[PDB]
Number of protein chains: 2
Amino acid sequence: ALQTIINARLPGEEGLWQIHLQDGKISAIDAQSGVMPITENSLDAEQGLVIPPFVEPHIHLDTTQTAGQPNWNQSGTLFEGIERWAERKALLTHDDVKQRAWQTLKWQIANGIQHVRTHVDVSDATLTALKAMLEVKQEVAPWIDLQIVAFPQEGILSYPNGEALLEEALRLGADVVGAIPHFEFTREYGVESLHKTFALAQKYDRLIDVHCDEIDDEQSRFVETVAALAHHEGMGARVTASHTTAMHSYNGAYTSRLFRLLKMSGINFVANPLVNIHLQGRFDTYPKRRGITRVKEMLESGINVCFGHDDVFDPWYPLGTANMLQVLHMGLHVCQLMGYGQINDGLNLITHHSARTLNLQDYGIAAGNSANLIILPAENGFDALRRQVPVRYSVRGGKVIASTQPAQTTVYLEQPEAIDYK
Amino acid sequence: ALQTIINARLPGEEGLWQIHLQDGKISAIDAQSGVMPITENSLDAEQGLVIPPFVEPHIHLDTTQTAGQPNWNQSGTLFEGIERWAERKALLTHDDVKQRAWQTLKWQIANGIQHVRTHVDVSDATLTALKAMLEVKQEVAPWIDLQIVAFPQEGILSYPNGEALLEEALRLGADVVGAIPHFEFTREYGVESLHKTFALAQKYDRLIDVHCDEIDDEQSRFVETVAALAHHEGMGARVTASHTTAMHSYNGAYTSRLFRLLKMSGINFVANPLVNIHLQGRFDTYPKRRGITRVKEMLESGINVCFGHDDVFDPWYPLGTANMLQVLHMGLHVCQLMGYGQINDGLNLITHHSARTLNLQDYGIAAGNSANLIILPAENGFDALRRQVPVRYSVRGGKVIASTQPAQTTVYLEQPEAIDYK
Ligand SMILES: C[C@H](O)COCC(COC[C@@H](C)O)(COC[C@@H](C)O)COC[C@@H](C)O
Ligand SMILES: C[C@H](O)COCC(COC[C@@H](C)O)(COC[C@@H](C)O)COC[C@@H](C)O
Ligand SMILES: N[P@]1(=O)C=CNC(=O)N1
Ligand SMILES: N[P@]1(=O)C=CNC(=O)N1
Ligand SMILES: [Zn+2]
Ligand SMILES: [Zn+2]
Ligand SMILES: [Zn+2]
Ligand SMILES: [Zn+2]
């Protein structure tokens with residue numbers, strides 16, 4: 001029964017802090033006069049940084065851990081990835097999906113992630129993975145709040161009974177409506193698919209998260225429809241456009257015009273740096289574009305943007321340990337957000353901005369909130385990112401649900417010396 | 001007195017292996033029939049991967065740890081970096097250089113790096129850093145074999161007494177002659193500077209490592225002169241072209257013509273992914289080029305290419321823990337070397353290929369070689385790279401010089417569970 005977290009640093013605050021817990025909530029946050037001694041019912045943050053939990057705003061738990069089954073994505077493209085997945089989707093079972101999803105979820109718990117939005121492919125007359133994931137959501141609830149997106153991987157209009165399958169997924173309980181307009185057979189299907197998506201979200205009162213313009217095509221502008229529909233319906237906060245990698249290739253004048261709408265609409269954006277750097281630029285020879293959306297410009301304009309991992313060992317990404325600091329590291333480099341302050345503030349892109357994207361209400365280190373928080377063995381955001389630190393403790397509802405004993409490195413010179421990389 | 005390494009995996013080999021040590025050398029390597037029990041005078045590799053030590057073919061130890069002093073590189077460009085460094089170079093002292101260099105060298109020892117090539121700026125009438133680094137080379141020799149490049153940061157022809165200073169650095173003992181032709185005032189100075197560099201290397205019998213075409217300028221083609229001069233003198237193995245980021249922007253026909261010469265010349269290439277992704281593409285708006293040299297194509301052509309870290313917390317790079325697996329991770333992503341086999345073989349880009357670049361003779365796990373080797377807590381190269389593992393043990397001359405006790409992660413679900421991310 002934890003009553004207190006002691007010796008904690010807080011981003012943008014001086015000195016150490018004590019965090020009081022009561023009935024699974026944060027009751028008070030008080031400055032310390034100095035380093036406090038450990039007491040019973042206290043958790044020692046050891047002068048580490050305390051932040052709300054990491055968020056994964058974009059992952060595919062139904063595809064996770066399937067890379068190479070039955071074939072590998074040779075070209076490393078989005079489009080071959082979808083073909084490889086279709087082969088694997090034909091082999092899906094209820095137990096297979098739950099086993100793989102739980103494998104990745106456990107890594108996420110270990111990595112201080114307590115909020116996860118997973119897309120699940122509902123281009124499947126059996127809805128096997130969707131129904132299994134609805135179960136996983138209930139099973140993992142003590143540790144992770146899981147959102148499920150009904151994601152029509154093969155299109156709403158371009159796949160047999162796609163719209164009916166999408167609606168059935170919502171009826172069954174999916175939290176978010178997805179779409180994939182750039183993968184529809186025609187631009188017209190793409191636009192119409194978004195109208196159907198927004199109509200479904202309003203009918204069932206659900207969130208929207210579109211795989212939007214994930215393609216190096218300067219003519220792929222489905223994002224303007226997503227934002228306009230959100231604005232018309234006054235539902236900006238409930239709407240996310242994921243990827244928008246085509247925006248990397250837009251001319252500047254169109255982008256400037258578009259940004260007015262993006263700001264007015266209030267929609268959210270997700271960039272997925274690990275996967276984007278791998279899948280984008282694949283049709284260039286040299287020079288090769290980076291292919292990540294306009295993260296720097298969005299931040300400058302006060303548009304909410306955040307980072308997801310997207311894929312863990314699957315047809316679209318052969319790596320991953322589901323680590324958000326690793327995602328952030330890649331994102332800061334590729335987006336050239338490399339000023340000291342930008343790097344230090346980077347934690348926001350995998351915490352607060354992502355919580356906003358998921359429309360979370362109970363999130364942040366503040367009195368009255370659930371005691372959901374993590375402790376990093378680092379002095380600040382810059383230090384955590386630079387040293388790629390693990391999560392020392394993850395606390396949920398005032399209980400410890402994960403812990404890492406950090407590695408210990410020693411060099412043997414004229415005498416043994418501990419190395420902290422500081 | 002270690003006599004044996006037991007329970008070791010070797011890249012591309014089946015089962016476990018025993019490595020016998022004698023007089024600081026590898027005496028024999030024998031297959032094991034099974035897991036062996038720990039014995040006195042034995043080091044247990046614990047079924048980890050054993051490889052020769054990591055190599056850092058390109059770092060700046062004279063600039064390391066100076067980021068923000070006295071000013072920050074605001075634009076994140078090569079050119080502003082040089083201006084910021086010039087301000088800091090004016091404040092250099094003998095003790096300052098040795099203290100900062102040793103700080104980074106210790107991180108490198110901790111990271112299993114036993115071979116390091118450092119560039120040192122010799123555009124300095126006092127040669128302060130160069131002379132200090134010659135001392136550091138002797139001091140660190142029990143742990144790292146350090147090569148020093150006399151690097152004329154501000155040009156050979158474009159800096160007062162540049163050529164005389166470069167020659168004095170060689171007379172004093174620098175192992176390698178540097179140059180920076182794309183930073184010289186004119187293309188003609190650039191070409192002439194390479195002639196002077198090669199003349200000096202032949203006069204003193206030294207290696208050559210040129211900062212070559214580190215610029216997003218499709219007309220920057222100094223690499224062809226470096227290769228042609230190497231070919232003419234028959235000295236390919238002794239010559240390295242670092243960066244060659246302009247090659248990212250060459251047309252394909254010129255590149256094809258050039259590659260014939262690059263192969264015939266036998267020169268080495270260094271790409272520096274962490275720094276290249278940060279400094280290159282800075283003059284693009286959108287789309288933005290990646291800016292790394294043609295690593296994939298070089299590998300396909302049998303041209304020796306490897307990865308360096310380049311900078312650790314300095315005017316050109318505000319991050320770093322001097323970790324080669326992190327460099328490799330960035331390189332595989334940006335160069336799109338993301339096939340399973342390519343990732344698994346990635347260790348070569350920070351071991352064997354780099355040893356060739358430094359012209360090393362005593363390197364590799366083979367009988368007769370010095371017992372210089374490291375142990376990774378991983379099953380193979382792919383696993384090591386994916387999980388970004390630390391170095392479990394670093395062995396040099398048959399003695400342990402560094403060790404890391406790996407982190408331990410536990411999640412508390414219905415019962416405590418250990419997480420290995422596998
Ligand atoms: C390691 C991992 O991949 C498997 O864990 C088993 C697990 C068992 O589910 C129990 C459920 C809540 O009723 C989840 O992890 C353990 C609990 C305590 O969190 C999921 O197994 C899926 C099968 C049964 O298809
Ligand atoms: C932590 C680091 O930044 C400082 O270490 C001190 C160190 C002392 O050098 C001793 C020499 C071999 O004669 C090197 O590390 C310890 C030895 C045992 O390896 C270098 O200090 C530089 C000063 C003296 O300008
Ligand atoms: N890269 P990603 O987000 C993963 C799966 N399917 C997609 O269409 N895109
Ligand atoms: N990026 P880099 O290799 C580091 C220092 N000075 C340079 O000119 N280039
Ligand atoms: Zn079931
Ligand atoms: Zn996705
Ligand atoms: Zn001295
Ligand atoms: Zn350099």
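One-based numbering, in listed order, for ligands and for the atoms of each. To find a chain, count down the sequence lines: A is the first, B the second, and so on, and within it residues start at 1.
A distance-only check finds a donor-acceptor pair linking the side chain of A:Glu184 to the backbone of A:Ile156 [under 3.5 Å]. B:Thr66 places no side-chain N or O within donor-acceptor distance of the main-chain N or O of B:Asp314, the cut-off being under 3.5 Å. Within the 3.5 Å criterion, the main-chain N or O of B:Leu279 finds no donor-acceptor partner in the side chain of B:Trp316.
Side-chain polar atoms of A:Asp310 and A:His58 form a donor-acceptor pair below 3.5 angstrom. For the 3.5 Å distance criterion, the side chains of B:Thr64 and B:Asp311 fail to qualify, holding no donor opposite an acceptor. Checking B:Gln153 against B:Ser123 by side-chain atom types alone, no donor-acceptor pair falls below 3.5 Å.
At a heavy-atom distance under 4.0 Å, only side-chain atoms of A:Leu78, from C-beta outward, approach ligand 3. With a heavy-atom cut-off of 4.0 Å, A:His60 touches ligand 3 through its side chain alone. Here A:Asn272 has no heavy atoms under 4.0 Å from ligand 3, in either its backbone or its side chain. Contacts of A:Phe79 with ligand 3, taken as heavy-atom pairs under 4.0 Å, are absent altogether. Residue-level proximity to ligand 3 for A:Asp310 is carried by the side chain, the only part with a heavy atom below 4.0 angstrom.
A:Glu154 and A:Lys89 are joined by a salt bridge, as a carboxylate oxygen and a charged side-chain nitrogen come within less than 4.0 angstrom of each other.
Not a single heavy atom of A:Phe183 sits less than 4.0 Å from an atom of ligand 3. Within the 4.0 Å heavy-atom shell around ligand 3 one does not find A:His119.
Less than 4.0 angstrom separates some heavy atom of A:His58 from each of these atoms of ligand 3: 3 (O). Close approach to A:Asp311 involves these atoms of ligand 3, each under 4.0 Å from a residue heavy atom: 1 (N), 4 (C). Every atom of ligand 3 is numbered from 1 in the order shown, and the set under 4.0 Å from a heavy atom of A:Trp316 is 4 (C), 5 (C), 6 (N). Under a 4.0 Å criterion applied to the non-hydrogen atoms of A:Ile180, ligand 3 contributes the atoms 8 (O).
The N, O or S atom of B:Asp310 with the smallest distance to the Zn ion (ligand 8) is OD1.
When the shell of 6.0 Å around OH of B:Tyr340 is examined, it contains more than 12 heavy atoms from other residues, nucleotides or ligands.
Remark: minimum distance from atom 6 (N) of ligand 3 to any protein heavy atom is reached at A:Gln153 OE1, 2.8 Å. What sits closest to atom 3 (O) of ligand 3 on the protein, heavy atoms only, is A:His243 NE2, 2.8 Å. Atom 1 (N) of ligand 3 has as its closest protein heavy atom A:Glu214 OE2, 2.9 Å.
Because the distance cut-off is set at 2.8 Å, A:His60 qualifies as a neighbour of the Zn ion (ligand 6) through one of its N, O or S atoms.
Two rings, from A:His182 and A:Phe222, have their centers 6.0 Å or more apart. Centroid-to-centroid, the aromatic rings of A:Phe269 and A:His353 stay 6.0 Å apart or farther.
Rounded to the nearest 10 degrees, the angle NE2 (B:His58) to the Zn ion (ligand 8) to NE2 (B:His211) equals 100°.
Using bins of under 30°, 30° to 60° and over 60° for the plane-to-plane angle, the ring pair A:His278/A:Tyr317 lands in the perpendicular bin.
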